[PDB]
There are 2 protein chains.
Amino acid sequence: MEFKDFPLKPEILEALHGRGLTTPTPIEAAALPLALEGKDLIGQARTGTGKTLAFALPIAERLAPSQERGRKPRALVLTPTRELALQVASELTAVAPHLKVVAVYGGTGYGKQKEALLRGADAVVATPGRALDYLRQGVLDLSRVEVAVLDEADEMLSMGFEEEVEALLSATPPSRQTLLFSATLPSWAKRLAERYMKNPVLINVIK
Amino acid sequence: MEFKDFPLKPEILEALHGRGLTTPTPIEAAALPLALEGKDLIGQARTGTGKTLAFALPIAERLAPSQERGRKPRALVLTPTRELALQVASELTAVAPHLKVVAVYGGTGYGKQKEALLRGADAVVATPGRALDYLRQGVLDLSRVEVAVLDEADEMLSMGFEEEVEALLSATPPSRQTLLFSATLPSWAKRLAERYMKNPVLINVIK
Ligand SMILES: Nc1ncnc2c1[nH]c(=O)n2[C@@H]1O[C@H](CO)[C@@H](O)[C@H]1O
């Protein structure tokens, strides 16, 4: 199936098409039917393999636009590094032209990111340390998150973000949809699946 | 997604709606995009109903009509029991009205099944002992198989059909597509996948 063969808003297909994105990778192909219907998923694939559209498209399709200034984000993607946050935020912005995406990360001051969140956000793509910083401050509000994504969870684990990732998830509504991406499914990922996910479907494309 | 949301022939969709089936189960939904494009997959779902269309619809879509008398089957579905051979043959028959489906199984004489195979078949649904018997007799010809399916591989193992299943798989063209369904993924299934499957995606919906 091409992306056109999935039930996606015309605008989203248009955006995809204009970016030379036509073909889901195997993990995306298998993930989309479940993810588009709001189901929790665990995606297991070799690091670097393309899987962004397995969550980007479900977020884009699920979230309608909003203009409510100061509005809280309805999607949260946690990722290990500034580089990935910028990369993921970028791709999501492209596939979801109707949504305001804000990247959040450490290694810089608070102001700018803080003022974006204050202006409003539809999706936040964040590193866990900085995200937790903004939560306990009261700046990042996670009480309206409908979709939470854990990107490169193995690396988030190796970096020592376990406790931060869990605190952030715990701050979101349990009724949310959750998508977890782990290359090796270590003990921590299994604990996440058990505690923070609802009957997650596992898709493993390692071969 | 509903069945109508997948790229299926209108007459196949008609057959489904005629049977009162509009919505894939989670295993079927996740499997369809890859199975329809001819990829190998391991579907981990509970034994019993709920997965047939994940292989029946790809067989229906992939195989064009043929009228050749004495034609050899282009799909082979193995089931662990005689009861399931009958059931799955009936289910496949209903969603592939353009194909001739022939059930093969012990617990009765050889006459009628032999007659059916000699007249020709597009898909064979079989228990492994009887299928292998017919192979040895030269009545069942597997040289044109394009899709092989193992439905409920765990029970094949527990009934002690491993040698027969492997002999049958070995008798088919490796160029074929292979779909394997099993609830628990024991060592034998893993070694089957390694020997007889091509980079299969694993989809596990076990709750
Ligand atoms: N279906 C797809 N087609 C092309 N590029 C993709 C893709 N999915 C996906 O995630 N990518 C991109 O490729 C990168 C690495 O493969 C990802 O980080 C994305 O930037």
Side-chain angles (χ1 to χ4, degrees), chain A residues 1-36 41-63 75-97 99 101-105 123-128 147-156 158-159 177-184 201-207, chain B residues 1 5-7 29-39 41 199 201 203:
Chain A
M1 282 166 72
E2 304 285 60
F3 287 123
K4 322 166 182 186
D5 299 307
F6 290 87
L8 298 174
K9 303 171 193 165
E11 317 81 77
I12 291 178
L13 289 185
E14 290 174 10
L16 286 172
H17 163 82
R19 300 210 63 232
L21 297 173
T22 64
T23 307
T25 62
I27 190 171
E28 292 171 343
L32 284 170
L34 304 172
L36 289 167
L41 310 178
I42 302 176
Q44 179 172 12
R46 277 167 293 175
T47 204
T49 195
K51 57 75 173 65
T52 297
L53 299 170
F55 62 90
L57 297 180
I59 290 164
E61 187 65 31
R62 182 205 193 110
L63 302 189
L76 174 69
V77 178
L78 298 177
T79 196
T81 68
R82 158 199 171 284
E83 184 195 41
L84 291 170
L86 289 173
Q87 179 65 356
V88 172
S90 177
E91 296 175 24
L92 182 56
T93 294
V95 300
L99 297 183
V101 189
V102 177
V104 176
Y105 47 78
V124 170
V125 184
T127 56
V147 185
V149 177
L150 301 188
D151 181 34
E152 300 286 329
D154 290 9
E155 182 70 27
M156 288 196 287
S158 63
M159 291 181 74
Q177 169 181 22
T178 303
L179 308 169
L180 163 64
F181 298 89
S182 162
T184 64
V201 168
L202 167 66
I203 300 172
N204 176 336
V205 305
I206 311 285
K207 299 173 175 182
Chain B
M1 288 169 70
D5 299 319
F6 295 85
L32 278 172
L34 292 174
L36 292 166
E37 77 168 67
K39 303 316 170 183
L41 68 82
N199 297 344
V201 177
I203 305 178

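Atoms within each ligand, like the ligands themselves, are counted from 1 in listed order. The chains referred to below are lettered A, B, ... by the order of the sequence lines, with proteins before strands, and numbering in each begins at 1.
A:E152 and A:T79 are not linked by any side-chain donor-acceptor pair at a separation below 3.5 angstrom, with hydrogens and angles left out of the test. For the residue pair A:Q87 / A:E91, a side-chain donor-acceptor distance below 3.5 Å is found, with atom types taken as modelled.
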Show me a pair-per-line table, with atom names and distances to 0.1 Å, of protein N or O atoms that are under 3.5 Å from an N or O of ligand 1.
unit_1, atom_1, unit_2, atom_2, d
ligand 1, 1 (N), A:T23, O, 2.8
ligand 1, 1 (N), A:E28, OE1, 2.7
ligand 1, 8 (N), A:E28, OE2, 2.7
ligand 1, 10 (O), A:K51, N, 3.2
ligand 1, 10 (O), A:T52, N, 2.9
ligand 1, 10 (O), A:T52, OG1, 3.3
ligand 1, 16 (O), A:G48, O, 3.1
ligand 1, 16 (O), A:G50, N, 3.3
ligand 1, 20 (O), A:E91, OE1, 3.0
ligand 1, 20 (O), A:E91, OE2, 2.2

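Checked by atom type and distance alone, the side chain of A:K51 never pairs as donor or acceptor with a backbone atom of A:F181 at under 3.5 Å.
Under a cut-off of 6.0 angstrom, the local environment of CD in B:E37 is crowded, with over 12 non-hydrogen atoms contributed by other residues, nucleotides or ligands.
Nearest heavy-atom pair, A:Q44 versus A:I27, reported as atom, atom and distance to 0.1 Å: N-CD1, 4.0 Å.
Legend: residues meeting salt bridge (charged side-chain N to carboxylate O under 4.0 Å, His left out) with A:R82, ordered by chain and number and at least two apart, are absent.
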